[PDB]
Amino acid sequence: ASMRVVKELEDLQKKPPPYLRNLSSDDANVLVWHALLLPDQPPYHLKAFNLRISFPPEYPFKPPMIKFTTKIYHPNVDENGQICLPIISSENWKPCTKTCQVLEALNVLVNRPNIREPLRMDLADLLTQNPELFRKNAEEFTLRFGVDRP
């Protein structure tokens, strides 16, 4: 479990995707990772967003758990950094799924909001109905809470 996680960790730190920075495991726990996500989608591209990836002791039979620690204003994340990400839901989780694929799909989600099945519906509606107003909302919130962009 820690054995699988460490090698996944090493492989990603060595060859990171461009949208993933400061990938490292917690000072103490090897089954918790932290990373900055760098969205490209305005206005989130102004800041970087830190996330906590937790591996359960059962991993890879059980799916890992991702949350944002940095606050983000987004249709698909709640105020506590929670997300619905199919690839790591229990319904869908497959032990042969790697963490890099999890991270890829999260990057996709952040970049391309799912308006059909959102976490924050008002936000989904806003984004469909007044994209420019959404953008102002997300921007102020990004600038206010975002980690500086590398």
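Residue indices: 1-based, along the sequence shown.
- Stretches 33 to 41 and 110 to 118 differ in mean C-alpha B factor, with the higher average recorded for 110 to 118.
- According to the PDB record, 9 to 17 carries the higher mean C-alpha B-factor of the two stretches 9 to 17 and 123 to 131.
- When all modelled residues of the chain are sorted by CA temperature factor, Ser90 is found within the highest third.
- When all modelled residues of the chain are sorted by CA temperature factor, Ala28 is found within the highest third.
- Ranked by Cα temperature factor within the chain, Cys96 sits in the middle third according to the deposited record.
- When the modelled residues of the chain are ordered by C-alpha B-factor, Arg4 sits in the highest third.
- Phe49 sits in the lowest third of its chain by CA B factor, as recorded in the PDB entry.
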